[PDB]
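Protein chains in written order, with the deposited numbering: chain F, 27 to 66, 81 to 140, 164 to 172, 186 to 211, 215 to 242, 263 to 298; chain V, 497 to 620, 641 to 676, 689 to 694; chain Z, 299 to 347. From the three backbone atoms N, C-alpha and C, an ideal C-beta is built for every residue, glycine too. Below is one structure, written out as structure tokens, with a few remarks after it.
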Amino acid sequence: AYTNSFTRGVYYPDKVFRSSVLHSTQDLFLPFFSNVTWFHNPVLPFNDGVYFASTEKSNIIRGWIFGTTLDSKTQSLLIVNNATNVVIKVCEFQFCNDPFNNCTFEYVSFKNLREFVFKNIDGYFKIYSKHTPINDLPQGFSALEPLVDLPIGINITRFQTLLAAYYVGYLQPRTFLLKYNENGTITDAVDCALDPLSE
Amino acid sequence: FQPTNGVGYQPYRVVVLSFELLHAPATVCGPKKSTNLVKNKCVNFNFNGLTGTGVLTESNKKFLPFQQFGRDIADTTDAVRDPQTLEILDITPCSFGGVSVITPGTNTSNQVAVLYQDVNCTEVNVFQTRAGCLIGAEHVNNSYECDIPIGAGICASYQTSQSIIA
Amino acid sequence: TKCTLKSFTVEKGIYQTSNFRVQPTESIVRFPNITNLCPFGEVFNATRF
Ligand SMILES: *[C@@H]1O[C@H](CO)[C@@H](O)[C@H](O)[C@H]1NC(C)=O
Ligand SMILES: *[C@@H]1O[C@H](CO)[C@@H](O)[C@H](O)[C@H]1NC(C)=O
Ligand SMILES: *[C@@H]1O[C@H](CO)[C@@H](O)[C@H](O)[C@H]1NC(C)=O
Ligand SMILES: *[C@@H]1O[C@H](CO)[C@@H](O)[C@H](O)[C@H]1NC(C)=O
Ligand SMILES: *[C@@H]1O[C@H](CO)[C@@H](O)[C@H](O)[C@H]1NC(C)=O
Ligand SMILES: *[C@@H]1O[C@H](CO)[C@@H](O)[C@H](O)[C@H]1NC(C)=O
């Protein structure tokens, strides 16, 4: 299946603060009016990023799975919310073909829209997020504030999903034009290559 | 192992730290230096990542809870969030400018008066004007035709024993 | 002024000779509160080797 992500998927590309100034930045962004592979379980590729979204009711979507060969003999990340905290590992736990050991990291800590973004820039993990109430992907604009960072340097090519609806995009290297308001909040953006008026 | 041997057979504990390095962010690192904070002086700073020289002053900008820097329309550093106590500072380049030697005719006199351009000369008889601050010139409340123009409506001239007036 | 004009006499006017520049007083360095130190007290101070 397919659907059309109208205007979503803009994340603060850096840490500076700019007030009421139009800036033009080039990075990996989700192209405007793209297709998102509407879903309702299997593995997927990790071309250069993701735009995992969701519209859940009771936290049916839990976590994720990453990694190149997705089992032993090559490392593979993990993220889970097992009703306690977001346990993170880079271990080689045998990846069951239907899920729901010598490792070098660890960590332990429709009305929702858990928009997320994932990037393996320089092989290390980078996560953004924005958790918005809603009441079938709505239009509207909202930026993404970074919340985590993992210095792993693992080699990722593929990922998966654990267990409402969720979607998937793919980031691409496109130039935008961001409208910081006075508070420094991204308020609007223009895709710099969509069509002649935008150019 | 007996406590009353010599040192030769006497037990010793050994720990061997094997420092290994790969293409990793290398988080296992020792404490960095941290000096106390001084404001209102042209100091040579190095905040968490970035460096430079300026005159740090307490500010009133409101960063977002995750931002750290600030920038102008021309992409220049302007504000820094202090990593220890989260108060936002500003950054002003400590002043510079030019030196200009006013003279009447050397034929007339050897006395001059200097004008430092665009400073407050409180850290640089002594007069503060709108174009700089003038050193070595009386102030009159009268008005005449312009003799030696200076800027922003100030003209100085040599007048009566005599001296230089502005 | 004379040395910039290449003259021993200068007529009435205003001339520019040099440049003003405040110098940096001192250095300052800031970094986040260094906490979470290594549990080296766990391997050196351990019970049994
Ligand atoms: C992408 O979206 C367009 C418009 O919705 C659709 O026509 C197309 O089939 C979708 N898939 C691909 C691979 O282009
Ligand atoms: C990592 O440990 C596994 C067993 O847990 C072992 O088979 C493997 O050889 C080890 N890797 C290296 C590089 O020593
Ligand atoms: C991952 O594999 C690619 C080629 O498939 C290689 O260029 C890259 O260096 C590898 N990275 C790591 C961390 O092994
Ligand atoms: C900016 O921040 C202030 C501080 O809470 C808030 O009251 C205001 O709604 C925000 N937005 C605008 C546009 O002022
Ligand atoms: C200028 O200098 C000449 C000699 O060099 C002198 O005779 C004359 O009086 C001077 N005039 C003034 C106005 O100083
Ligand atoms: C000169 O410095 C003092 C102290 O910093 C300040 O109060 C004063 O306003 C300054 N002068 C001008 C003209 O701003």
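> Residues of chain Z with CB under 9 Å from residue 678(V), in chain order?
Replying inline: You won't find residue 678(V) in this model, because chain V goes from 676 right to 689.
>> Please classify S305(Z) as buried or exposed, where buried requires at least 16 neighbouring CB atoms within 10 angstroms.
In response: exposed
> Could you name the residues, in chain order, whose CB is less than 7 Å away from a heavy atom belonging to ligand 1?
Replying inline: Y28(F), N30(F) and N61(F)
> Cβ of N603(V) within 6 Å of any heavy atom in ligand 8?
Replying inline: With respect to ligand 8, the structure shown offers nothing to examine, as its ligands consist of ligand 1, ligand 2, ligand 3, ligand 4, ligand 5 and ligand 6.
> What distance in whole Å lies between the Cβ atoms of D215(F) and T33(F), which are believed to be in contact at a cut-off of 8 Å?
Replying inline: With 8 Å as the limit, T33(F) and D215(F) do not qualify as a contact, their Cβ atoms being about 15 Å apart.
> Listed from N- to C-terminal order along the chain, which residues in the stretch 599 to 617 of chain V have their beta-carbon within a distance smaller than 8 Å of any beta-carbon of chain Z?
Replying inline: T599, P600, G601, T602, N603, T604, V608, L611, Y612, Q613 and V615
> Taking the beta strand (DSSP E) that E191(F) falls in, what are its first and last residues?
Replying inline: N188 to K195
> Is the stretch 556 to 570 of chain V close to the stretch 39 to 56 of chain F, with three or more CB pairs under 8 Å?
Replying inline: yes
> Closer than 7 Å from C-beta to any heavy atom of ligand 6: which residues, in chain order?
Replying inline: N616(V), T618(V) and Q644(V)
>> Counting only C-beta atoms, is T573(V) closer than 7 Å to chain Z at any point?
In response: no
> According to a CB-to-CB cut-off of less than 9 Å, which residues of the stretch 321 to 334 of chain Z neighbour chain V?
Replying inline: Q321, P322, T323, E324, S325, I326, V327, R328, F329, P330, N331 and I332
> Since residue 418(Z) contacts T599(V) with CB under 8 Å, what's their CB separation in whole angstroms?
Replying inline: Shown here, chain Z extends from 299 to 347; a query on residue 418(Z) therefore has no answer.
>> Quick check on this structure: which residue in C662(V), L585(V) and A694(V) has the alpha carbon closest to the alpha carbon of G648(V)?
In response: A694(V)
> With a Cβ-Cβ cutoff of 7 Å, do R237(F) and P85(F) count as a contact?
Replying inline: yes
>> Taking the alpha carbon of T114(F) as the reference point, which residue from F92(F), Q239(F) and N164(F) has its own alpha carbon closest?
In response: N164(F)
> Is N282(F) near ligand 4, judged by its Cβ being under 6 Å from some heavy atom?
Replying inline: yes
> If you check the beta carbons only, do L270(F) and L54(F) fall under 7 Å apart?
Replying inline: yes
> Where do the ends of the beta strand (DSSP E) carrying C291(F) lie?
Replying inline: Counting along the chain, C291(F) falls outside any beta strand (DSSP E), and DSSP gives it neither H nor E.
>> In this structure, how does DSSP classify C301(Z) when only helix, strand and coil are distinguished?
In response: helix
>> By the DSSP assignment, the beta strand (DSSP E) with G548(V) in it spans what residues?
In response: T547 to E554
> What residues from the stretch 509 to 520 of chain V come within 9 Å of chain F, judged by C-beta to C-beta, listed N to C?
Replying inline: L518, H519 and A520
>> Let's test the definition: count the other Cβ atoms within 10 Å of the Cβ of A288(F) and tell me whether it reaches 16, buried, or not, exposed.
In response: buried
> Name the chain V residues whose beta carbon is nearer than 8 Å to that of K206(F)?
Replying inline: Neighbours of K206(F) on chain V: none; closest Cβ ~12 Å, over 8 Å.
> How would you call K129(F), buried or exposed, if buried means at least 16 neighbouring beta carbons within 10 angstroms?
Replying inline: buried
> What did DSSP end up calling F541(V) once you bin it into helix, strand or coil?
Replying inline: strand
> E281(F) by DSSP, collapsed to three states: which one?
Replying inline: coil
> Secondary structure at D287(F), three-state DSSP: helix, strand or coil?
Replying inline: strand
> Along the stretch 529 to 548 of chain V, what residues have a CB closer than 8 Å to any CB found in chain F?
Replying inline: none
>> Mapping the DSSP letters down to three states, classify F559(V) as helix, strand or coil.
In response: coil
> Just how far apart, CA to CA, sit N657(V) and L303(Z)?
Replying inline: 33 Å
> Would you call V36(F) buried or exposed, if buried means 16 or more other Cβ atoms sit within 10 Å of its Cβ?
Replying inline: buried
> DSSP on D228(F), reduced to helix/strand/coil?
Replying inline: strand
>> When you compare the stretch 504 to 522 of chain V with the stretch 120 to 140 of chain F, are there three or more beta-carbon pairs, one atom per stretch, that lie closer than 8 Å?
In response: no
> In terms of DSSP beta bridges, what is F201(F) paired with?
Replying inline: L229(F)
> Can you check whether the CB of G550(V) is closer than 7 Å to the CB of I587(V)?
Replying inline: yes
> Alpha carbon to alpha carbon, how far is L335(Z) from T500(V)?
Replying inline: 38 Å
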